[PDB]
Structure formats: structure tokens, C-alpha cells
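Spelled out from the first residue to the last, the chains are:
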Amino acid sequence: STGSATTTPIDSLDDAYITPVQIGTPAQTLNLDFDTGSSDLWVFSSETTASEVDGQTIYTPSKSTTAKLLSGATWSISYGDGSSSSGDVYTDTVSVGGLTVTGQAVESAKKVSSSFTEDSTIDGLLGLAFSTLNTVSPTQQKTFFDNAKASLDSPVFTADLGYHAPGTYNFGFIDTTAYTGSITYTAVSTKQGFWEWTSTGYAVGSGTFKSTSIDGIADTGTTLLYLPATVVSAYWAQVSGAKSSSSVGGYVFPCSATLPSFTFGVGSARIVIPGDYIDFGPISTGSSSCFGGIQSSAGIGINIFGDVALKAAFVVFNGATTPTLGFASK
């Protein structure tokens, strides 16, 4: 089997992407944030504290003839950005772009933190990291991909995120029309439960490539590109007037600037992030100070190849017995 679904930016900055997901019988369609950095499929629901729901579409398990309470199971997750959610668990039928999993754990939120409430466009998350990170207790549950894998034509999914435009998540096949050149594959460590890999280096604008190993995670659920302070300083040094602002929470730059590109290495291959992908707009409405899309990972504890990086590539998440990651230009 295969599946193919369009993923759409939630706003004009590509702060996140939503993908429609069918849950239950009859189908209840929710727009979920596909997140290769976590491993829980959780949704706003009829059980979510009413004051914490503000415009989201909810899953109502009592209206699904295939929903079953997973007795005794609870979940609770906290994300790198400080947001969180928790609740109980149902199993139900879940379909993405024509690909159906029966008995998928659907984690129903009883509580969500303010950042979730305040984002009306995201109805929940669909985790695509390794199932070892799933938070369901006392019996850990499998991700949608893990459940689907054996049925897929090939045990893979691909992320093709757009810049200020829709893109695609495919399951079970590689669309050879969706990229240019070849896909370069690179080793993955699953030791921390992430799609963790090592970039071979970087360049800033038309500058020379610096060969250096940068371990980090391919994370569709993180907006920005978080890299070591040395790398980030080298980038922003090429933007007149750019500076790190403790008050704002990272590098800012004059909105009048033209940003240089940023290149990262995948083996001997190179992925070029155009300068415009690195612009996240005014820090507050009407400001001429703009927020940068490349930020330091110092104090995160890990480097994160988030959407800023991934949307410059066609990315293969290869869930073979030994997982690997592939990157192609597009």
C-alpha cells in the first residue's frame, strides 16, 4: 500500500505545516502537525478542557463506531519549545492520504498548554520519530508509520515541504518526479529515538565549504534551523546589522537586509537553503527588526534540522531494518 497527502503551511511564515488525517468511522478529519521529532499521535477532543479549546476541530470518540478506549492508558508529553499536553487513549482507524491503519493509538487530550490553545489551525500532532519515544503508559504505543510499515510497498515515508506553498508527505514510495539529481543517503542513529544524522559541513552564501561534522535531528515539527553557536555566528556575521538579542530570544536582523543562502552537507552532496527561507519577518507587528531562521542550539542540547532546512530538500525517512535518511535537491 501507499499514501499521499498534501501538507499546507499554517501561516505566511511557514511556522508549521498541517496535513489532513481521517480518524474514526465515519471519518472525522483533523489537521495534524506531522512531527518527525516526536512519537505520539494526539488530538484535540471532546474530552479537552473546554476553556483550552479555541477554534480547533475536535475528535469525538463517542461518535466513532470503531473507537475503543484503551483501558488504563494515559499519556503526557512536553516539547522542546516548552509546550505540553496530556490525556487518555483510544484505538481507532486512522487514514492519511489513502493509507489506512486499524487499531492506531489516538491520544485524546484532556489538557493542552496555552500555545496549543492559541493556535487554532493545529488540531493535534502525528509523531513520526521512533516508537521508543511514545509516552503512553503503562503500555507504550506505536506510531502511525510503525503500524503501517509492514503493509507499505517500501518501508519509507518522504517529506517534501514547500516554501510559502503546499507540499507533500508520501508513505510507501519515492516519487522520482519530486526531486532533481540523486538522493544522497546518510546514516541514522536511533539511540535517542530521533532521526539523528551527521551533516558533513556548511557554507554561508558563496563562501567556501567548511568540512565539519554536525550531529543533529531531522525534525519536521520544529520551525527553524538550530546549529552550533560557531556556525550561527558565522552566518549572521554576513548580514549587516544582525545581532543576537537576549530580549527577543535569538538573532535578529534589519528587515531591509538581503539574506545570504546557507548550504549544509549530506555526505559529498550539498543542500542550499535560499536566503529568503531564513526570514521569519518582523519580531512584532510593524517592527523593522526581523527574526532569523537560523538560531543557536546552545542550551537545547541537540542540533535541529527543522523546517527551514528540510523544506530546501526532498527528504526520505527510510524505516528499513537499519534506518537511513536521504536528501535530494528539488
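The rules behind each value
Residues numbered from 1 in each chain as written, not as in the entry; some residues may be left out. Heavy atoms only, no water. Residues with missing side-chain atoms left out of burial classes, pairs and counts. Helix = DSSP H or I, 4+ residues; strand = E, 2+ residues; numbered from the N terminus. Contact = heavy atoms within 4.5 Å. Buried < 20%, exposed > 50% of the residue type's maximum accessible area, 1.4 Å probe, protein only. Pairing = 2+ DSSP bridges. Axes fitted to C-alpha atoms, helices over the stretch in contact; angles between N-to-C directions. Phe/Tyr/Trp six-rings, centres within 6.5 Å; stacked < 30°, edge-to-face > 60°. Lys NZ or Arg CZ within 6 Å of the ring centre and 35° of its normal. UniProt positions renumbered as here; feature names shortened; annotations may be inferred. Polar contact = N/O pair within 3.5 Å; in protein donor to acceptor, adjacent residues only side chain to side chain. Salt bridge = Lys/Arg side-chain N within 4 Å of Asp/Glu carboxyl O.

A. Local environment of the overall build of the protein chain. Within the protein chain, the regular secondary structure consists of 4 helices and 24 strands. With the principal axes as the frame, the protein chain shows a C-alpha extent of 60 × 45 × 30 Å. Sequence separation of 24 or more characterises 66% of the internal contacts of the protein chain that already satisfy a separation of 6 or more.

B. Highlighting the environment of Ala-129. Topologically, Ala-129 is positioned in the loop between β8 (124–127) and α2 (144–148). Residue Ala-129 is classed as buried on the basis of its relative accessible area, which comes to 4%. In this view, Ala-129 contacts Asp-35, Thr-36, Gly-37, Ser-38, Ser-39, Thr-143, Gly-193 and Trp-195; residues no more than four positions away in its chain are not counted.

C. Summary view of the environment of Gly-221. Here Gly-221 is to be found in the loop between β13 (210–218) and β14 (225–227). In the structure, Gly-221 is positioned 183 residues away from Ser-38 in sequence and 8.1 Å away in space, judged by C-alpha atoms. Other than its neighbours up to four places away in sequence, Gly-221 contacts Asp-33, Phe-34, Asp-35, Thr-36 and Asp-307.

D. Geometry of the sheet that holds strand β19 (residues 279–282). One open sheet accounts for 4 strands, arranged β15-β16-β20-β19; its pairing is antiparallel. In this open sheet, the two strands that pair with only one neighbour each are β15 (243–245) and β19. Neighbour to neighbour, the strand axes of the sheet diverge by 40° on average, direction disregarded.

E. Inspection of the packing of aromatic side chains at higher detail. Under the defined criterion, the tally for this structure stands at 26 aromatic pairs. For the ring pair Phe-34 and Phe-171, a centre distance of 6.4 Å and an interplane angle of 70° mean the geometry is edge-to-face. Here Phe-34 is found in strand β3 (residues 28–35), whereas its partner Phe-171 is found in strand β10 (residues 167–171), with 137 residues between them in sequence. Accessibility classification places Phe-34 together with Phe-171 in one group, the buried group. Ring centres 4.8 Å apart and planes at 75° place the aromatic pair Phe-145 and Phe-157 in the edge-to-face group. Taken as a pair, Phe-145 in helix α2 and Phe-157 in strand β9 (residues 156–160) lie far apart in primary sequence, 12 residues in all. Connected via pairs of aromatic rings, a cluster forms that spans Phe-34, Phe-130, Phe-144, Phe-145, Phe-157, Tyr-169, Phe-171, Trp-195 and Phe-317. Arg-270 extends its terminal NZ or CZ atom over the ring of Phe-209, reaching a point 3.6 Å from the ring centre.

F. Representation of the UniProt feature "active site" in the protein chain within the structure. UniProt's feature table lists "active site" at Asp-35 and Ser-199, given in the numbering used throughout. Mapping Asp-35 onto the fold places it in strand β3. Once residues lying within four places of it in the same chain are set aside, the contact partners of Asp-35 are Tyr-79, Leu-125, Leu-126, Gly-127, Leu-128, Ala-129, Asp-219, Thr-220 and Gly-221. You can see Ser-199 is positioned in strand β12 (residues 196–204).

G. Examining unusual backbone geometry more closely. With an omega dihedral of -10°, the bond running from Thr-25 to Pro-26 counts as a cis peptide bond. Positionally, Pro-26 belongs in the loop between β2 (17–23) and β3. The step from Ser-137 to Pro-138 runs through a cis peptide bond, and the omega angle for that step is 5°. With respect to the helices, strands and loops of the structure, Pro-138 is situated in the loop between β8 and α2. Even without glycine at this site, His-164 takes up a positive phi of about 50°. Structurally, the position occupied by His-164 is in the loop between β9 and β10.

H. Local environment of the side chain of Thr-19. Assignment of secondary structure puts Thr-19 in strand β2. For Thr-19, the side chain forms a polar contact with the side chain of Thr-7, separated by 2.9 Å. Beyond its immediate chain neighbours, meaning those up to four positions away, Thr-19 contacts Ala-5, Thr-6, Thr-7, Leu-30, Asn-31, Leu-32, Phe-34 and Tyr-169.

I. Layout of the pattern of salt bridges. Under the counting rule described, the total for this entry stands at 2 salt bridges. Of the charged contacts in the structure, one is a salt bridge between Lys-311 and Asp-14, with a shortest N-O distance of 2.9 Å. Highlighted residues: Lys-311 in the loop between α4 (307–310) and β23 (314–318) and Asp-14 in the loop between β1 (3–9) and β2, separated in sequence by 297 residues. The buried category is assigned to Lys-311, whose relative accessible area is 2%. A salt bridge links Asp-160 to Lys-330; its shortest N-O distance comes to 2.8 Å. With a gap of 170 residues between them, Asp-160 in strand β9 and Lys-330 in the segment after β24 (324–328) connect regions that are remote in the sequence. Assessed through its relative accessible area of 39%, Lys-330 is described here as partly exposed.

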